[PDB]
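S.K.:
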Amino acid sequence: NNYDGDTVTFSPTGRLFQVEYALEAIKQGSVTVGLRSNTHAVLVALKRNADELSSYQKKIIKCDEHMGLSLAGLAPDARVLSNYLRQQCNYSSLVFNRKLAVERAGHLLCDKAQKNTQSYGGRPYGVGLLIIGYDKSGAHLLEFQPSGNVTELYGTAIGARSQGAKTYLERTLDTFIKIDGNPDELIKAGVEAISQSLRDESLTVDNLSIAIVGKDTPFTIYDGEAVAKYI
Amino acid sequence: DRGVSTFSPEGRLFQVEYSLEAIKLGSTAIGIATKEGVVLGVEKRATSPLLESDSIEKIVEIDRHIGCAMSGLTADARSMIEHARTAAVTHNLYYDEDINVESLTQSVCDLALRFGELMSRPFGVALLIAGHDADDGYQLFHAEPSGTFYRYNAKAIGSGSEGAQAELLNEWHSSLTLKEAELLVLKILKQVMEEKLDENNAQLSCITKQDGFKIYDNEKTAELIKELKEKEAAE
Amino acid sequence: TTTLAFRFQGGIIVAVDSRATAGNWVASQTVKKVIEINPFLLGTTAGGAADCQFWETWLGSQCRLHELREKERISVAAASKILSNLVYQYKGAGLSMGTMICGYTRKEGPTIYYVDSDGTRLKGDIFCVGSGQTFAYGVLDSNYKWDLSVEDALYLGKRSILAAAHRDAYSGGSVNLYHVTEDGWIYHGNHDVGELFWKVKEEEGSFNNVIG
Amino acid sequence: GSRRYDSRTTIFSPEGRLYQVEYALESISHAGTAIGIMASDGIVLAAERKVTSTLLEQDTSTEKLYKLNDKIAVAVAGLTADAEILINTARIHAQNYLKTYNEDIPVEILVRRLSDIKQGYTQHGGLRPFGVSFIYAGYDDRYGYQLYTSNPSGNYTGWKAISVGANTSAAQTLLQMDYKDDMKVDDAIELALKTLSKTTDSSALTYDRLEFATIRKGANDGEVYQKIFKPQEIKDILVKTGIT
Amino acid sequence: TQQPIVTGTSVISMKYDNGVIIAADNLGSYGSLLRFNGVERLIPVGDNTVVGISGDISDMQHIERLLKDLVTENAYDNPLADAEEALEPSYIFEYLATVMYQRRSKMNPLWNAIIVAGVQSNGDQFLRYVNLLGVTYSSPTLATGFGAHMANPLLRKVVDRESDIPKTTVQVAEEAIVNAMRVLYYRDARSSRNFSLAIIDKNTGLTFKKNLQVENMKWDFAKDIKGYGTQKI
Amino acid sequence: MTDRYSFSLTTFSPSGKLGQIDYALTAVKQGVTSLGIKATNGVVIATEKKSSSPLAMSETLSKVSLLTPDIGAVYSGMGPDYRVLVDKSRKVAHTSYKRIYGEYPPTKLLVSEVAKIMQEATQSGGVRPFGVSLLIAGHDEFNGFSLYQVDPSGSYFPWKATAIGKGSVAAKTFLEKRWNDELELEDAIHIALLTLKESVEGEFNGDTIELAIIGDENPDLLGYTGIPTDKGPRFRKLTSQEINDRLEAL
Amino acid sequence: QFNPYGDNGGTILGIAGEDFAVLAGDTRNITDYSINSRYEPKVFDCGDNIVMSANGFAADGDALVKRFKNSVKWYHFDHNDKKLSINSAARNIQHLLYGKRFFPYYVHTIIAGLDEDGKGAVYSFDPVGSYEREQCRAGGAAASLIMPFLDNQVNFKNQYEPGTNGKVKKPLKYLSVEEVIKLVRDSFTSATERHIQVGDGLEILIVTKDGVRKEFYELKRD
Amino acid sequence: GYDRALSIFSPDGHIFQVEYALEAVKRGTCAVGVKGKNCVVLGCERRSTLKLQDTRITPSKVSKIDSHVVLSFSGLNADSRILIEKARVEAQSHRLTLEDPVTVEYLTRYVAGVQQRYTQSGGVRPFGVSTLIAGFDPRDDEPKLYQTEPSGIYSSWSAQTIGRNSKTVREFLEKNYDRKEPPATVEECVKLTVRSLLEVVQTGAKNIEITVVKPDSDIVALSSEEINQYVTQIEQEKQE
Ligand SMILES: *[C@@](C)(CO)[C@](*)(O)[C@H](CC(C)C)NC(=O)[C@H](Cc1ccccc1)NC(=O)[C@H](CC(C)C)NC(=O)[C@H](CCc1ccccc1)NC(=O)CN1CCOCC1
Ligand SMILES: [Mg+2]
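Chains as they are written, first to last, in the UniProt record's numbering: chain G, 4 to 234; chain P, 9 to 125, 133 to 250; chain L, 76 to 287; chain H, 2 to 245; chain Z, 34 to 266; chain X, 1 to 250; chain C, 20 to 241; chain D, 3 to 242.
1) Given that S107(C) touches chain P, what residues does it touch there, using C-beta distances under 7 Å?
2) What is the rounded straight-line gap between the Cα of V97(P) and the Cα of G121(H)?
3) Of all the CB atoms in chain P, is at least one closer than 8 Å to the CB of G124(D)?
4) Roughly how many whole angstroms lie between the Cα atoms of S203(H) and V215(D)?
5) Output yes if chain P places a C-beta closer than 8 Å to the C-beta of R148(L); else output no.
6) Exposed or buried, which one is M183(Z) when buried takes at least 16 other CB atoms within 10 Å?
7) Using 8 Å as the Cβ pair cut-off and three pairs as the minimum, do the stretch 156-170 of chain Z and the stretch 72-87 of chain C touch?
8) From what residue to what residue does the alpha helix (DSSP H) around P57(P) run?
9) Taking C-alpha atoms, which residue in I71(X), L25(X) and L196(X) lies nearest to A163(X)?
10) May I have the straight-line CA-CA distance separating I243(X) from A192(X), to the nearest angstrom?
11) Can we count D64(C) as close to ligand 2, meaning its CB is less than 7 Å from some heavy atom?
12) Is any beta-carbon of chain D found at less than 8 Å from that of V47(P)?
13) In chain G, which residues lie with their C-beta within 9 Å of the C-beta of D110(Z)?
14) Could you please give me the residues that DSSP links to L133(G) through a beta bridge?
15) Grouping DSSP H, G and I as helix and E and B as strand, with all else coil, what is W144(Z)?
16) So that I know if they touch, is there some Cβ in chain G lying closer than 8 Å to that of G2(H)?
17) Listing by chain order, which chain D residues have their CB less than 8 Å from the CB of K218(H)?
18) List the residues of chain P whose Cβ lies closer than 9 Å to the Cβ of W133(L), in chain order.
19) So, helix, strand or coil for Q164(L), using DSSP?
20) What did DSSP end up calling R240(C) once you bin it into helix, strand or coil?
21) Please list the residues of the stretch 115-129 of chain C that have a C-beta atom closer than 8 Å to any C-beta atom in chain L, keeping them in chain order.
22) Under 7 Å, CB to CB, which of the residues in the stretch 105-121 of chain D have a partner in chain X?
23) Once DSSP output is grouped into helix, strand and coil, what is the label at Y109(Z)?
24) Taking the alpha carbon of residue 1(D) as the point to measure from, which residue in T110(D), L147(D), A33(D) and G45(D) has its own alpha carbon closest?
25) Restricting to Cα atoms, I'd like to know which of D102(Z), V78(Z), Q264(Z) and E118(Z) is closest to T240(Z).
26) Please list the terminal residues of the continuous alpha helix (DSSP H) segment that includes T234(D).
27) Which partner residues of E111(L) appear in the DSSP bridge assignment?
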């Protein structure tokens, strides 16, 4: 009310309203789902269009050969944060000849988002990210929120009506976690998960967006006729 | 007052949303993409009859293979075009090749959110970026001050945008010829324009792989206007 | 290097050799020393290879930006001055460039500008630049007239490079010919000295110093 | 942050006026009146000191009339402290010109640069404008004797006779009435004092409440002399014109 | 622009079937003066890497601090710091190689020659060299300073190419290293008798040996040598 | 972080007033009375030492300050603001004059430099005006003795005699009756003590009154001998005993 | 005074065929009269069917290759996974080299691959970025020994048709991958014989539309 | 540095600071530009509440940017000096690098760009000025007349007016100016310009300034008597 003019102001109950309003931008964004087994990690994203004449907004971005994310909210902010991740992944490779740990990737994003919530003039990032990756400790899935809070999970979902997919994954936890050495079945589980967040619309060929990374699988994105298999 | 980079309770940037209102006040611009080329057309909208309409430059070349049409606070587009031209030429210098239309649009959209308390406010102009490259062929992009860009088969921006867009929804199909697209832009422009459409208050342009980006003469457009009127009366 | 360009009745002739050296080591015999800036502008390159090629490709980008911004092809004067002002900023840093900006525009007509790395910029009708410039001057000056035909002018330019290619140790390989008219530049072929020398010797009856 | 406390000194009103410039002019309108009158053979500068106290040291005092160089002087109306900042800048600018060209600075050039500084404070920087209006009186070999005025807006104009500060409306009407083009310095001296004498808010105009200066070619052959009047010299000129 | 003051001489090393061996004497020379005798020039990083450093000792101590700090930084927010996300020899080397080349590029080098010896997580032997110029190379045997001239020839007789590595045991490999250290004591004027030796094995791990001495030396023949040509007494 | 206050905190109001300067003058009005009187052969400056507590040692707090050997200063208003101004005033006398001309500045020019500092606090970003009015008494070879007042606006006026602060209105009236152009220094000191007794309420003695003069050169206070041209400081602070001697013949 | 440059010796060689291209280089690394490594590769697969080698001062050579490899990576990120053509790579490398015009990379760079018509391509660079496409180029310590041999055997220079009175030149033709590898091996054995900094081993990288293949051969170790 | 974003968008999509800068232009004295067949004429109003002025030294309303281009304006006088100075510097800079004087379009584009930059730069307010830029391109005889405004938009005009009561004089020009046949001579062009100002000015004494620009750097300012002759001629023809 009087305490939402900027990010540098606390409310009387100890809330940061600008951070909460940034969180609201994610809820308006299109749904995206993340899940993993022990061998592979999968991102599934429902892309959104302006109208029938327009293209479908790309939700998934590659960060390295072993890491990438899906976005929900302000796309330009995802571009800034993904670019930062690309550089940090790259710095780790050039300097230490070392693939950046997915956990460190989360720590770096947390700290970058935080600085924007404590200083005058700047604003919080208006996007949520689901980072997947395969590093020296196996498959990983992270959930980034622009408050700074990063959380490692077996599966999750963010965006509009994400609660449907998140409930499904909470039921399916014991099943999909053990889908080891089988990419297509882990994707199927993700596609069935995102389907629990659909209303009136269904998954079409230029609507669905899937990405996968794993043990002997570099981070690759599937769009167009390549996802027709999973409909 | 309040911060420039402030979020509303709904989760939108106030200044970005207000700049979108400025674009709605602007003159109409329409773009249509085909397999034979991309057509760009604009409403000039002279504020007075004494104003020499040929000096109204709302369609602009970025490179030989990329063209651009604008709508809104058109003065703000000058630094955007300057950046686009430099980005295009610079990439040719670094890589001895034409730059992808998408990559060019992305470079322009990176300027968009570089405002706050960098420039003092967002741009008050929307752009239709049309071009061709070897990979993705003929393309049409709509670049907003939010930093977002969508590819379009056809798109209208400006004051008559929502009425024109609904018309483009019905008329567009994947087998449109270049000549058919040219007439379609003129047709839809004449429908949404306040004053009566002619060669002096409206301008056409296109981009083809063979001849590159070309702004049409007032003589050429006048014949297309005459061809358009005859075809509508013919049934 | 040996490069020349001269102005005459029928426009501009531009001729260059194709050798590149690193000391006495002949590093290449097939270097392109004429840079096509646009259909109406040419630039020649003598001196440091990288310096000339890098900054003249850059010059082409600056000339392209001019015609985008101004909706008009850049003048030969303005193009040459962009390059001369650039190298002048680097004066003392050790750039090595001996170039000639040749072209046609409506307002100027056929025009040649000599531009070098110590900031010198000169408009003129005849210039020869490079380690073998003096050898080219000797033949060019002694046979030059304004009323030369396009055929004779092309040959003189070719013959002048050949003369320098023969005598100058740091020039040779092949001759690249260009002709600049009101309609733009026209390429007149690559001419290997290996065959061109003996062809000229026999037909012309010149080069009597050499064992036939 | 600090946005909360920003007055925004360099913005337009809905009517297209600069708030701070307008309010600075309102401030200047309460300052002691200063009058400039340009004659064919010289210039007069007359100014009224702000409500003087009897224990004020009058002879070793400078409030209104300042010297910029040997050929140019100014009369001040507004905040004195603000005026001194601008005066030192103007003095430096004149010396830079002399150092560069080996010639004394033309009057307009000095006036323009000082007026450009004021303009800057209205368009950028977020600072308050200088609450000062100058009357420039000077001479150069191009235009001869010149009178200018500048105000917080940074706008300057040339004059034959002008007033700044308090009661300019009444003062300008009186100058416009009695001024004529073929006027001499001694006549202009009389006009300047008579105008102040009628427009003054004080009971009676006296020597101790005035500053006076002339810029004549009254020196020996083709050269200009600046005369900043002493207290006794003002007392004499006031008696000579029959005001006291 | 520098000049080295207190200096360390040769660092020698080689690969064997299950790991790597590295050695360096304990001397800190001050020109011709053999100033400091208790200098350790082999610095372990974790339980799987040893960095051997020659050249300027002040810069060596700086590099020690960097490696020490690298271990600390790696442990931050890292539950697997003593497991999968522990520091590898290749990570440690690439870091040093980056620093060395950055410093030479700023015309202010770390005046050192460095050999990073260790065993990777997958069991592979790691042995790579880097110096003040940022020049890097790898070989079955590596040595710095006089070691390059005198040790390498002797160590290459044992492991001349890649295929000789599985055929070389830790006993044979250590014997060659210890022999090389003796030869260097005979012939290098800025060497000492006392040295340290480190073995990084993929099975038995890191074995760090301190206070070794060159022994079994041949000096007896000296008594027979008289004069410089014609002298008989 | 960083100073984001790059804008003026003093601005013109619709009526043409500069609020912060007016309010600064109001703070000076609340301040304790101080005064200055110029004689033919000297200047005197004086003020009351308002003690915050009887446990406090009022000798440690100096309201009258030496700026140069021939210039002194006193104030009315906010003490801390005055203290830092004296520090800056002393430094600027060296940096902008003595290090250039090899001699101390004349009174009017040092006053001009102090006025400049106070003017900048009226216009510069993120600062308030100084809440003090200064009285600066001094001597120099070509101008002789002089007395100046400096206000929060940066405006300065030369005075024959004046007063500032709490009871300045009554004190100025008192000085108008007593002042003439033939006053000797001792007569000016006597008038200063009479004028100050009117505004002081409690104890009136050498311990509660602070008083200094700009008069004859003091070779005994120089600290060295051997250079004839160096004759010693004209600024002298009167002792507690010296004041009480003049209070008996009052 | 500190000298920031060094000479790591070695030599490299690029030959272009009709539908293939090879980039060869010896594996010896040296300083002064000492051998640092008998097998230290300096010919690298950089992705997008581009092979690269930067011979001379190894530290600068590694830095450059490292930077170009990184340039290829960011080219994909910024331009929708577009394949970097050999001509575009060459121009990019010019800017890398000329970027340090006043503190150069002391290396002779050669890249090889296929052009956009599917034909073999070899580009060569001087230390400060001057580049040229050729059928043939040798670089490094033994370049002066190998290059004239290549002129004769690859481009058929100074070779005329027998019995034509030195009037008809030997006609240019593309060489098979088998014939090219023969010339590479003979070039390196000859260079090994007469140049001290060349020997130990030879590593060839062959580039066809199918991908990047490797071949290794022993060289004399003296 | 002072960073505040003074020019910003409002809910209805307007930048009020730019629009309030237009109000300052509307307050300014009237300025008019009319281009003929072989010339351009810049007319300017001078308010007559200022007597006792010195017209020798008072800044003229029309300013030369180069020997071939001129700039008049309406709005804040102090602001106009900054634009004129920048334009004059750019004019010399262009001659230095391109070895050719600026075109009228280029000079206008530059000035317009400066005005635009002040609409989205922190710590600055827009210029309260609209300009009329007129002249002839080098080695060209086609007349050029451009207009700029605080927002930064610029455009070419056959004839145009700006400042106070400009909507009245624009109304006059719109019916009196023929595109098919512009003022054939200098006299015809000046007369139409004076006529248009006489709809608004008051008296045709020392209130109207006229400046005529012709090809090849031929610029001259008319005196009082010369202008007064046009005023006398127009009034006699009016009484009919
Ligand atoms: C005639 C042929 C006489 O030079 C012409 O002037 C030609 C002009 C053409 C090539 C555009 N100029 C040259 O051939 C020019 C001569 C020269 C050499 C050095 C400095 C200035 C001028 N040659 C070059 O520029 C060569 C071109 C190579 C062979 C493709 N380049 C070099 O010599 C390079 C880079 C020189 C350099 C410049 C600035 C900073 C650092 C280096 N140098 C080497 O390759 C060194 N060397 C070659 C032998 O092998 C060991 C390394
Ligand atoms: Mg050999």
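All residues carry an ideal CB built from backbone N, CA and C; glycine is no exception.
M.R.: Taking the geometry as given:
1) Numbered from its first residue, the seventh sequence carries residue 107(C) at position 88. Under the 7 Å cutoff, chain P gives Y103, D104 and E105.
2) Walking along the second sequence from the start, residue 97(P) turns up at place 89. Walking along the fourth sequence from the start, residue 121(H) turns up at place 120. Distance between the alpha carbons of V97(P) and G121(H) is about 38 Å.
3) Here residue 124(D) refers to the residue found at position 122 when the eighth sequence is read from its first residue. True, the Cβ-Cβ gap to chain P drops below 8 Å.
4) Counting from one through the fourth sequence, the residue named residue 203(H) turns up at place 202. Counting from one through the eighth sequence, the residue named residue 215(D) turns up at place 213. Cα to Cα, the separation comes out at about 54 Å.
5) The residue you call residue 148(L) lines up with position 73 of the third sequence. Closer than 8 Å: no.
6) Residue mapping note: residue 183(Z) aligns to position 150 of the fifth sequence, counting from 1. Buried: at least 16 other Cβ atoms inside 10 Å.
7) yes
8) As a working note, residue 57(P) is residue 49 in the second sequence. Where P57(P) is concerned, there is no enclosing alpha helix (DSSP H), given that its DSSP letter is neither H nor E.
9) Position 163 of the sixth sequence, counted from the first residue, corresponds to residue 163(X). When only C-alpha atoms are compared, the closest one is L196(X).
10) Sequence index remark: in the sixth sequence, residue 243(X) carries index 243 (1-based). Sequence index remark: in the sixth sequence, residue 192(X) carries index 192 (1-based). If I take the Cα positions, the gap works out to 11 Å.
11) Taking the seventh sequence and counting its residues from 1, the one referred to as residue 64(C) is at position 45. No, since every heavy atom of ligand 2 falls outside the 7 Å radius drawn around the Cβ of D64(C).
12) Residue 47(P) sits at position 39 when you count from the first residue of the second sequence. No, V47(P) does not count as interfacial toward chain D.
13) The residue labelled residue 110(Z) in the question sits at position 77 within the fifth sequence. The contacting residues are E106, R107 and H110.
14) Position 130 of the first sequence holds residue 133(G). In DSSP, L133(G) forms a bridge with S73(G) and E146(G).
15) Along the fifth sequence, read from residue 1 onward, the residue named residue 144(Z) stands at position 111. Looking at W144(Z) - three-state DSSP - the assignment turns out to be coil, as it is neither helix nor strand.
16) As a working mapping, residue 2(H) is identified with position 1 in the fourth sequence. Chain G contact via Cβ: present.
17) In the fourth sequence, residue 218(H) corresponds to position 217, counting from 1. Under the 8 Å cutoff, chain D gives no residues; its nearest Cβ is about 18 Å from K218(H).
18) One-based indexing of the third sequence puts residue 133(L) at position 58. Neighbours of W133(L) on chain P, chain order: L101.
19) As a first step, residue 164(L) is located in the third sequence; it is residue number 89 there, counting from the start. Looking at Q164(L) - three-state DSSP - the assignment turns out to be helix.
20) By 1-based counting over the seventh sequence, the position of residue 240(C) is 221. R240(C) falls in the coil class under three-state DSSP.
21) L116, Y117, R120 and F121
22) none
23) As a working note, residue 109(Z) is residue 76 in the fifth sequence. Here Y109(Z) sits in coil by DSSP.
24) This structure cannot settle anything about residue 1(D), because the visible part of chain D is limited to 3 through 242.
25) Taking the fifth sequence and counting its residues from 1, the one referred to as residue 240(Z) is at position 207. Of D102(Z), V78(Z), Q264(Z) and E118(Z), the residue nearest in Cα terms is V78(Z).
26) Numbered from 1 along the eighth sequence, position 232 holds the residue referred to as residue 234(D). Start and end: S226 to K240.
27) Here residue 111(L) refers to the residue found at position 36 when the third sequence is read from its first residue. Beta-bridge pairing links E111(L) to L117(L).
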